[PDB]
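Colleague: Questions regarding the structure given below will be posed in turn.
4 protein chains.
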Amino acid sequence: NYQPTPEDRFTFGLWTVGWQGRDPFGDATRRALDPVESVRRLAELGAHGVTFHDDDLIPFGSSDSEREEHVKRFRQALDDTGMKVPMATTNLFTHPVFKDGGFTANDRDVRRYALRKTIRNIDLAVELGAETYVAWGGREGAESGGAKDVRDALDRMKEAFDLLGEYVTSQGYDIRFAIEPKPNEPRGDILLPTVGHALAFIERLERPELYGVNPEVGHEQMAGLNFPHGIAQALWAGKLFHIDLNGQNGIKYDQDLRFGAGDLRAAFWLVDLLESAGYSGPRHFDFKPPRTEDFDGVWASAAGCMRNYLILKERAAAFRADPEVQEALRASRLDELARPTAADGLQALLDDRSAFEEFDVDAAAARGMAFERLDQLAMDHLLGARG
Amino acid sequence: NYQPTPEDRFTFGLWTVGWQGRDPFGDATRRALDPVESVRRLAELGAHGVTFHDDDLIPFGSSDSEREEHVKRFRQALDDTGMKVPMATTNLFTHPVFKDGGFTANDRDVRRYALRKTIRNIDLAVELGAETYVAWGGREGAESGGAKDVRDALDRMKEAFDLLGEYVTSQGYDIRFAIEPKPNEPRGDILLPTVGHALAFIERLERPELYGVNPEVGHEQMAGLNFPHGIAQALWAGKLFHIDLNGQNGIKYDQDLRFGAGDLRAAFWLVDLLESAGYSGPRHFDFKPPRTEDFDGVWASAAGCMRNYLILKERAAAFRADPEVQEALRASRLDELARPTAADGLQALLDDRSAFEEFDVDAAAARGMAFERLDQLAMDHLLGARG
Amino acid sequence: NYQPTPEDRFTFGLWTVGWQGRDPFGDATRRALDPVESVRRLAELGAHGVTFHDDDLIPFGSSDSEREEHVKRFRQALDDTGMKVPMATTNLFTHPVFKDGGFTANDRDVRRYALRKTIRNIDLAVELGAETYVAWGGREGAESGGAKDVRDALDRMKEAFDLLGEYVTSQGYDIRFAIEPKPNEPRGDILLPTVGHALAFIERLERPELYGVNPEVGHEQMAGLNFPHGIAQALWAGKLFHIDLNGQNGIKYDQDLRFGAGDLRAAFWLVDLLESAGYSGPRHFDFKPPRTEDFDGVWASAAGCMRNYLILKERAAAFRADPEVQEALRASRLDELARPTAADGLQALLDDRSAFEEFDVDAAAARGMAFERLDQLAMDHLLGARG
Amino acid sequence: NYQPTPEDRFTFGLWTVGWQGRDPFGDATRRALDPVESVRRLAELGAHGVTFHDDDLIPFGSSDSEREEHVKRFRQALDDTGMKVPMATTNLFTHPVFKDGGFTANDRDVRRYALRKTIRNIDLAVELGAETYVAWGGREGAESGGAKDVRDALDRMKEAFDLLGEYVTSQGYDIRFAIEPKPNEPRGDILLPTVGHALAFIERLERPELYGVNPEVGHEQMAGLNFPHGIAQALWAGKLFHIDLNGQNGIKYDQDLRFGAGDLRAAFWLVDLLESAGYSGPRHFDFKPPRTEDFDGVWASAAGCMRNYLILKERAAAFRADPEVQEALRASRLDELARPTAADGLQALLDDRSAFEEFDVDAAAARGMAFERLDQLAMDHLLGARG
Ligand SMILES: [Mg+2]
Ligand SMILES: [Mg+2]
Ligand SMILES: [Mg+2]
Ligand SMILES: [Mg+2]
Ligand SMILES: [Mn+2]
Ligand SMILES: [Mn+2]
Ligand SMILES: [Mn+2]
Ligand SMILES: [Mn+2]
């Protein structure tokens, strides 16, 4: 009873199911997929849409005439299936010209080329109906301390994004930008390494309302961070424009496992948050079917992403609806956390002797928080052991 | 030739050299230090000032009459030595009443008490001449996913800091706030876990100009992050109000080793940045002399903090002054990174055929970055092997 | 369901439910428990038995007559409840004399005292019926590289365990030793940091048959290692004498969460392994009820340890019993992994042209492993989504 | 100074300086190197010798006659330069047939092929003068818990190494095996993930004397472990047959930076240990010149490997030779750590009242270890600040 449909807003990158399995120590294990084949197979699995890098759809170096042909066959598969393109991005990391970055390469001419490559694909994305344009600065960074003056690099990064915002404003495009953070890999350290750093950077752009974040489960977990907490901060700031769902087993290389794999309880709390907060954007899977798998395994992995989301959504809803959980939340004073600390104001607080001079600190210290009972109720619901 | 003097602006917390050595598995190994003794011994070592938590100087629960006596002896040691108090902070983490937080405790009455405790110590800090008031939210967080609604918690955190800003504004105090991030410990996950998250949070406060960050070497390194990069972002934002220097060996418990220990090359690049950028604030050591040490070892550890900074400052200056390094920086195009990408503007960039239509991507891709020669010159300077 | 009974062999350390909640940054939040109370409360929850450090039972420094009194009360509570004592250990880490270690302290007189303290408690352990004596060398290690010659320290460690083995054999005691590894905390690096290092060390003892490992879920995960894989290697070597179950969220301080929390899927695969291998020793919980909790929360946390084991045991049994899973294990060739590679022998392999000269490597390379289907079946079973 | 010469025993893999720069997210940035060119360039830099995978030298799939041709050219370059081949290994990880492992692939026919591929290259290695044959099981492992029965996989791993040992003994080859551990990447978890796990596994082989370890700096650091401590345990066991030197910044993807980069103080203590223990095997660099570099940068990186070893060797020798350091080692009682704990024997220890009944634990507890003074002396020596 966990069948996905387009209403679930599940999306997949062309580069995900299309990943050929080349890793840093190994050759490809699967043939390349025709973008049109991926569109059709994903439609049959119940996906709502696809996403792409420019270079996933149009082979690097194509003439404008070849470019038009690739875009035409792709659009003809979209129209035939009803599939949507909610997000696009630029590949500024594969070609050797980007070995030191795109927007923050030390060479000025490479930075200008990176901007021209990006702008060209923004035109295409808006044409196909994308609402979000993602930037993953995978090559913006350094292996060594002297190679990059980070204040100058952030000036250049701000310059690039300001120019992109000027471009979409002057064209009158309805599209927003989302920065995808990652702490490391393929560079030793990547600029804007977490959701927090990206959120802070946006506030210094000329038009901050145009920019948000596209956090990825695995990337925050590569810094050991709590992904639901980071998503909560992004929602609190009004900046969760898109999200990348997958799996990661802790601090190591970027695994991009299927969603649900990796940290299972973190996935449960993530789904609880997105659904409770009314997140209405795409549920996008930036994952890689392991290279052990043939093409049947590729489609099983993709179907598993969607299935695990739906199972967790049902368990999260049951948790929140259970009156015993409702009572546990009161016992742990989750409702008091929603109450203003001092809506009576500063003067009243300073005059309030029960807040300090007469506060029974030891009685307050003796109150248990009852967090373990609440968390075991959450366990039981996740495991389907309520009964 | 590495003797510290007050001009080096080295400061120490009372809780650092005063750490008695109680750890999660062990009893104290050293007697408590009288604050007056620490002031005098640190003055003799060449320190510029001390910092304190309220509860380091005034034992928790003291009457206002006892409070005045503790403050009076302390001020009499400050006046006798010329020692400064550039920073103070509140202890909102030791007493059991704070077991679920201060500003974001689920219980509303604890949040009101935490604010009253903080405001009382702001008065004292301004009286003693502190320029910066630090907040380390060590207990703001959770071990389990249901225990804390993080959007509500951030509402409460914003409320607390807004009220503190209203208080200092209405009193006309010349003091600024600095948030000290930490990703975890003693809570399973701490709110505002990195420099980035804290920078982003500040931008949503009512008076953001009043607030900056107090990053700590070890804390960013507990998330595997590059501390010089994070400091560079804070400087770029204009938000580096204070800094905590110490040592950490990677991702594990918060070690608070003496500065220079832990990640030595990261310390070299940190000093290079602070000195090149003209950071003029305190060089504050938030460290703990290991509990293996007696009191001689405590003062050797503190002296070592200051010594390692001065050695690294000399090596960093020699690196930047070396004409061979100056040439290597040009060879790696660090100067081009300082140049605007497109100060000719968007229209000109779009019309510039050399930036895309006629860009020789393969010639540009063949250019080496010469980063390894530069980094070995940096190695040689750090090791004093230039000759 | 999921009610624990004594046959389930669940055990708890006195120091687990007895943890008063003091951590590196905070005071105790709970009063101390009488060991007699812990025995009776744990019996009521359905535990099989209790374990202890010498210092958990007999306050450090007690006279021989005060000692006998505390032992008397404890034994009475055991006799009244039928509760077992399957394991005991020595506290060689809390008292300041052990600040540089016990068995490997640089000071020779401390090492001799450590051995005498341990031997005294071995006698007590055998009296109470313990079959395993655990050693956690929590202070054996260093913060700095010069402080410890690790070759000499391993000589001292081997000497200590060799002397202990000579003592138990000369007494005719039925008791085996188990080393509990941990990578760090409270020392910067701890000797024998993982299951593997401990297994290697045992092979150099004079009587290796007397020694095995006591691995702990959270400790191996503090090095980012796969705990089921490590337990498999210990079982393969015949050295899994005992196990410590708890939860841990990745690489950070030692959290000691209740079992099932932390990494839930790793908990599932661990229980699958222990049950399918027929491990018949204690299921011991080395955990700390979070300091947010009162005593009701302490007992809810302990009961949750046992509940989560029983739920996971049911799910793993259902996984293995599922004919569809048995078919997927065959599709992924798990049964071929148990076939010897070359039971026909070295000469036959060298002459077998189908193993090289005529091996179709491209046809072999194209076979999918079908691991993703198998893993989604395991996911469905864990979540109770089969049926 | 710091000019390397052949007596320094520096060696390099063909695959190190030959790395073309392809990573999981990018194409090659450098052309392929002729192995004959690498031999001659490395000889000019002062290297002692080269190492190789079979597939580095002979393109995979080559006929027997094409094979002999490539070997011929290589041997000519060795004869012309005097360059040694102290070590060789098998590539069991690049070709897609090895996607589930070589020795522990689930498919039995792949395991047999893996053994034949290895045996063919052992013959070549012995011809060229290799004394050590290295095995890095980079594909032995799993991404998911059900995909591999680790007990059966360890049986298959033991079978393979037992067959290899039978082959070399039946041929009368003078060659020993060394296992290279790695915790993860490219598999989610790799079997025998650390030095300790590998040492334990060797003790269960039929001919343990034939097998040792080839530890790599970066791999142990990828588990957050102390690499000098691990090397000390391997030396203590008589199993350090070979070593891989490089640099790594903490827990993340396998960086393979040049030696000295990464964790500089750990590099210092490593060199101190190897030189003071008299390790006389190859100083092998398993590193990757960053893909930002052209071929000038490739040779600068390789030369930097050797330079940094020689600088650190000089500093550690000066540290150990310093009378003031010798006095500090005595103050910290390093000499007492080498004294047997109880050479008077078990009976004497039990009767010695000064070891327990009359031991002044409080006086012992008050002794400082003086570790911070000793470590600052080591810091001064590393930085060249003594004198
Ligand atoms: Mg992504
Ligand atoms: Mg601090
Ligand atoms: Mg334990
Ligand atoms: Mg290697
Ligand atoms: Mn990823
Ligand atoms: Mn700290
Ligand atoms: Mn633990
Ligand atoms: Mn490596």
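Residue numbers (PDB author numbering), protein chains in the order written: chain A, 2 to 388; chain A', 2 to 388; chain B, 2 to 388; chain B', 2 to 388. A prime marks a further copy of an entry chain.
Where is the CB? At the ideal position from N, CA and C, for every residue including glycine.
(1) Give the residues from the region 166-196 of chain B that approach chain A' closer than 7 angstroms (Cβ to any Cβ), ordered along the chain.
(2) Applying the criterion that 16 or more other CB atoms from any shown protein chain within 10 Å of the CB defines a buried residue, is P324/A buried or exposed?
(3) Which runs of the alpha helix (DSSP H) at least 4 residues long sit entirely within the region 283-347 of chain B'? Give them in chain order.
(4) For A29/A', does the count of other Cβ atoms within 10 angstroms reach 16, so buried, or fall short, so exposed?
(5) Quick one: residues with CB closer than 7 angstroms to any heavy atom of ligand 8, in chain order, please.
(6) Measuring from the CB of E186/B', is there a heavy atom of ligand 4 at a distance below 7 angstroms?
(7) Closest to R76/A by CA distance: which of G130/A, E328/A, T170/A, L165/A is it?
(8) Is the region 373-381 of chain A' touching the region 141-152 of chain A in the sense that three or more CB pairs, one from each, lie closer than 8 angstroms?
(9) For the region 324-335 of chain A and the region 4-16 of chain B', state whether three or more C-beta atom pairs, one from each stretch, are separated by less than 8 angstroms.
(10) Return the residue from the list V111/A, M84/A, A339/A, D55/A that minimises the CA-CA distance to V72/A.
(11) Roughly how many angstroms lie between the CA atoms of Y310/A' and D108/A, to the nearest whole one?
(12) 8 angstroms is my cut-off, CB to CB: does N122/B' come that close to chain A'?
(13) Would you decide whether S39/B' is buried or exposed? Buried here means 16 or more other CB atoms lie within 10 Å of its CB.
(14) Using 10 angstroms around the beta-carbon of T133/B, count the other beta-carbons present and answer buried if the total reaches 16, otherwise exposed.
(15) Just checking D55/B against ligand 3 - is the residue's beta carbon closer than 7 angstroms to any of the ligand's heavy atoms?
(16) Which residues does DSSP list as the beta-bridge partners of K85/B'?
(17) Using 8 angstroms as the threshold, is the C-beta distance between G231/A and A224/A' below it?
(18) Between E181/B and ligand 3, is the CB less than 7 angstroms from at least one heavy atom?
(19) On the DSSP bridge assignment, give the partners of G27/A' in chain order.
(20) May I have the straight-line CA-CA distance separating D255/B' from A33/A, to the nearest angstrom?
(21) Within 8 angstroms (strictly less), CB to CB, does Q256/A reach chain B'?
(22) Report the three-state DSSP secondary structure of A233/B' (helix, strand or coil).
(23) Within the 8 angstroms Cβ cut-off, does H54/A reach chain B'?
(24) Report the residue from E8/B', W20/B', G103/B', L125/B' whose alpha carbon sits nearest the alpha carbon of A136/B'.
(25) So, is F61/A' buried or exposed, given that buried needs 16 or more other C-beta atoms within 10 angstroms?
(26) For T90/A and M84/A, I'd like the C-alpha separation in whole angstroms.
(27) Report, in whole angstroms, the separation of the C-beta atoms of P187/B and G139/B, which I expect to be a contact under 8 angstroms.
(28) Say the cut is 7 angstroms; is the CB of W20/A nearer than that to a heavy atom of ligand 4?
(29) Would you call the CB atoms of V18/B and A303/B closer than 8 angstroms?
(30) Do you know how far the Cα of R316/A' is from the Cα of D361/A?
(31) Are the C-beta atoms of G27/B and some chain A' residue less than 8 angstroms apart?
(32) Quick check on DSSP: helix, strand or coil for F13/B?
(33) For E70/A', write down the residues that DSSP places opposite it in a beta bridge.
(34) Helix, strand or coil: which one does DSSP assign to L351/A'?
(35) So is the beta-carbon of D163/A' under 7 angstroms away from any non-hydrogen atom of ligand 3?
(36) Distance cutoff 8 angstroms, beta carbons only. Does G231/B sit that close to anything in chain A'?
Modeller: The structure says:
(1) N185, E186, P187, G189
(2) exposed
(3) 296-322, 324-332, 335-339
(4) Label assigned to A29/A': exposed.
(5) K183/B', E217/B', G219/B', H220/B', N247/B', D255/B', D257/B', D287/B'
(6) no
(7) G130/A
(8) yes
(9) Short answer: they don't touch.
(10) Measuring from the Cα of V72/A, the nearest candidate turns out to be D55/A.
(11) 33 angstroms
(12) no
(13) buried
(14) buried
(15) When distances are taken from the beta-carbon of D55/B to the heavy atoms of ligand 3, even the shortest one reaches 7 angstroms or more.
(16) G50/B'
(17) no
(18) yes
(19) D24/A'
(20) Answer to the nearest angstrom: the Cα atoms are 27 angstroms apart.
(21) At a cut-off of 8 angstroms, the C-beta of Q256/A has a neighbouring C-beta in chain B'.
(22) helix
(23) no
(24) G103/B'
(25) Note on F61/A': under 16 other CB atoms within 10 angstroms of its CB, so exposed under the neighbour-count rule.
(26) 18 angstroms
(27) 6 angstroms
(28) No - ligand 4 has no heavy atom lying nearer than 7 angstroms to the Cβ of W20/A.
(29) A303/B is positioned such that its CB atom lies closer than 8 angstroms to that of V18/B.
(30) 55 angstroms
(31) yes
(32) Correct three-state label for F13/B: strand.
(33) Under DSSP, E70/A' takes part in no beta bridge, so it has no partner.
(34) Helix at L351/A'.
(35) no
(36) no
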